[PDB]
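Summary of the model geometry
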Number of protein chains: 2
Amino acid sequence: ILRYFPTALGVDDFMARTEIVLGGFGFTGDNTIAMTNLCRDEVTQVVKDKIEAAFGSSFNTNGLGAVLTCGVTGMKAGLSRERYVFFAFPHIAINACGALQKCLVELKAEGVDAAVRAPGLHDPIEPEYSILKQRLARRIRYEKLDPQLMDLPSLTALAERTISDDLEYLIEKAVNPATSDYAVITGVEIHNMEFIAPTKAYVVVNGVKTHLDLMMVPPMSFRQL
Amino acid sequence: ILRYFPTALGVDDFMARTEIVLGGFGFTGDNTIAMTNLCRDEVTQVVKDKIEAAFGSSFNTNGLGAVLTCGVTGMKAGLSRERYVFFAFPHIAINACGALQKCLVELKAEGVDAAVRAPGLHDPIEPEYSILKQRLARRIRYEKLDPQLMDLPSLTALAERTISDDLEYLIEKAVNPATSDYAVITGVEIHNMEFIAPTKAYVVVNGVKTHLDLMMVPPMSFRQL
Ligand SMILES: [Zn+2]
Ligand SMILES: [Zn+2]
């Protein structure tokens, strides 16, 4: 597994290291509403059970390849000093995703160019999918990446970054950082059995943002493999 | 409750009457994959637990006001002679929805006209919501309805019809009626406690479609109130 995702952690190791840092900043399972975004696939169930067991109030969103469609309206809706934590993971299977696999094939078949369309457009009978593929097309072009060299892990990875930035857009619209503290933890979900390879973690307490490195957090011996 | 939804059934009564007719056409809990579309709200949980207890394989979608965004890609994905049944319910609370309530207010504030936009467009930071409101705007204009006279039940009701037609679009793209039999059951979910007011029910076995009236199905005395 690590031959693809060096930072991959067993999912319970991931949760413990997350509980450790959050508590460090005044978050508790009882004072925080969490939000999760995952692919619609049945396999994303473990991360989602683990998270809602860690928190009192949980609220989930999901779409193809974990694309974010709930917008500010969906996010503000799912929320009820204020404390939130936002998780987001596209998934992949090694030893899934499905929609990300289809994207890979098409992005290679036609240009990155053919696949891009402006924001605000979408296909009537493929809304989620078309929005998903269009955000990856733009994202790919915006980082001078060649889809010919990319494999499914690197696209699942590009996806995370895209998803991650769109989650950030929504949070700044929906949350007041002067009355609410919050955390953002995103990365890639991996199935063999279940792993999380973290890529981005920070907290915003008192409108001040601090980056965290989960990989530097000493693990609980009990929740390891 | 009935003062708003004459056909409202207790949810277990609804499930029994549904099990009775489906079995009549060769469906069983074990030979059928079901699919459910509901609002993203936490309250829609009972209908969803009841359905997946009735079936071996279940697959769910959901968005604001139960708008359908998974497209043909999401639907074909969620599926695995072939037998399927498709449920769809917007919700409402009497004694929810939230997104439908917001639509009501806006549709009344500006014209039905202002709110319509062509299919294939959507707002970048409100994808689900904007697609939801745009399909209701068009649907409203297409039935000479005046949003000034409409209340939240009638809009939840307009929504059902809209959702219902978009589900039909997807199914004909995604399912081969000559190799697959299927059923479509839609209506409105109501919270006091939990009710379903059915509005559309049919089955398609051997590319032949038969309408069913759940209201004429003799109820199980055991699953009533
Ligand atoms: Zn997936
Ligand atoms: Zn709702």
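**Regarding the relation of the copies chain B and chain A**
What connects the two chain copies is a rotation about an axis and a shift along it. Of the transformation superimposing chain B on chain A, the axial component is 0.0 Å and the angular component is 180 degrees, with the fit at an RMSD of 0.0 Å. Such a combination of turn and shift is consistent with a two-fold rotation axis. Relative to the rotation axis, the C-alpha of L121 of chain B is the closest in chain B, positioned 2.4 Å from it.

**Thoughts on the UniProt feature "binding site: Zn(2+)" (unreviewed entry) in chain A**
Residues and elements named next belong to chain A. The UniProt entry lists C39, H91 and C97 under the feature "binding site: Zn(2+)" (unreviewed entry), expressed in the numbering used here. Checked against the element boundaries, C39 lands in strand β2 (residues 33-39). In contact with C39, not counting residues within four places along its chain, are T44, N62, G63, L64, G65, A66, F89, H91 and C97. With respect to the element layout, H91 can be found in strand β5 (residues 91-93). If we ignore the near neighbours within four places in the chain, the residues touching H91 are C39, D41, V43, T44, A96, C97, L100, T156, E189 and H191. Of the polar contacts made by the side chain of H91, one reaches the backbone oxygen of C97; its length is 3.2 Å.

**Observations regarding the coordination of the zinc ion (ligand 2)**
All names here are of chain B. Bound to the zinc ion (ligand 2) are the protein donor atoms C39 (SG), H91 (NE2) and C97 (SG), situated 2.1 to 2.5 Å from the metal. The exposure class of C39 is buried, given its relative accessible area of 6%. Assessed through its relative accessible area of 8%, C97 is described here as buried.

**Some details on the packing of helix α1 (residues 11-24) of chain A against helix α2 (residues 45-54) of chain A**
Residues and elements named next belong to chain A. Axis separation between α1 and α2 bottoms out at 11 Å; the angle between their running directions is 30 degrees. It follows from the interaxial angle that α1 and α2 lie roughly parallel. Handedness of the α1/α2 crossing: right-handed. In contact with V11, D12, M15 and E19 of α1, α2 contributes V46, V47, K50, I51 and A54. Among the residues making up the contact of α1 with α2, the classes are represented as six nonpolar, no polar and three charged.

**Remarks on the packing of aromatic side chains**
The final tally for this structure, using the stated rule, is 10 aromatic pairs over all chains. Between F14 of chain A and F89 of chain A, the ring centres sit 5.9 Å apart and the planes meet at 85 degrees, which makes this aromatic pair edge-to-face. Each member of the pair, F14 of chain A together with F89 of chain A, is buried. A ring pair is formed by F14 of chain B and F87 of chain B, whose centres lie 6.3 Å apart and whose planes are at 70 degrees; its orientation type is edge-to-face. Owing to a relative accessible area of 1%, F87 of chain B belongs among the buried residues under this scheme. Its end group placed over the ring of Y202 of chain B, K209 of chain B keeps NZ or CZ at 4.8 Å from the ring centre.

**Some words on the interface of chain B and chain A**
Across the boundary between the two partners, chain B contributes 28 residues, which contact 28 residues of chain A. Summed over both partners, the interface of chain B with chain A comes to about 2,200 Å²; 60% of that surface belongs to carbon and sulfur atoms. Looking at the side of chain B facing chain A, the largest losses of area belong to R40, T73 and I125 of chain B, adding up to 25% of the total buried there. Counting across the chain B and chain A interface gives zero salt bridges. Counting every contact that joins chain B to chain A gives 15 residue pairs in polar contact. Residue assignment for the side of chain B that touches chain A shows that the elements contributing at least two residues are β3 (57-63), α3 (71-77), α6 (127-141) and α7 (152-174) of chain B. The element contributing the most residues to the side of chain B that touches chain A is α6 of chain B, with five residues.

**Topic: helix α4 (residues 99-109) of chain B**
Residues and elements named next belong to chain B. Of all the positions in α4, only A99, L100, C103, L104 and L107 are classed as buried. Here the buried residues of α4 occupy an arc of 145 degrees about the axis, which is enough to place them on one side. Opposite the buried face of α4, by more than 90 degrees, sit the exposed residues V105 and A109. Tucked into the core, α4 has its buried residues touching β5 (91-93), α5 (112-115), α6 and α7.

The rules behind these values
- Residues numbered from 1 in each chain as written, not as in the entry; some residues may be left out.
- Chains lettered and ligands numbered in written order.
- Heavy atoms only, no water.
- Residues with missing side-chain atoms left out of burial classes, pairs and counts.
- Least-squares fit on C-alpha atoms.
- UniProt positions renumbered as here; feature names shortened; annotations may be inferred.
- Helix = DSSP H or I, 4+ residues; strand = E, 2+ residues; numbered from the N terminus.
- Contact = heavy atoms within 4.5 Å.
- Polar contact = N/O pair within 3.5 Å; in protein donor to acceptor, adjacent residues only side chain to side chain.
- Donors = N, O, S within 2.8 Å, 3.2 Å for Na, K, Ca; no water.
- Buried < 20%, exposed > 50% of the residue type's maximum accessible area, 1.4 Å probe, protein only.
- Axes fitted to C-alpha atoms, helices over the stretch in contact; angles between N-to-C directions.
- Parallel < 35°, antiparallel > 145°, perpendicular 65-115°, else oblique.
- Left-handed = near helix turned anticlockwise from the far one by under 90°.
- Nonpolar A, V, L, I, M, F, W, Y, C, P; charged D, E, K, R; others polar.
- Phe/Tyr/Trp six-rings, centres within 6.5 Å; stacked < 30°, edge-to-face > 60°.
- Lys NZ or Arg CZ within 6 Å of the ring centre and 35° of its normal.
- Buried area = accessible area lost by both parts, 1.4 Å probe.
- Salt bridge = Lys/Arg side-chain N within 4 Å of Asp/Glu carboxyl O.
- Arc of directions from axis to C-beta.

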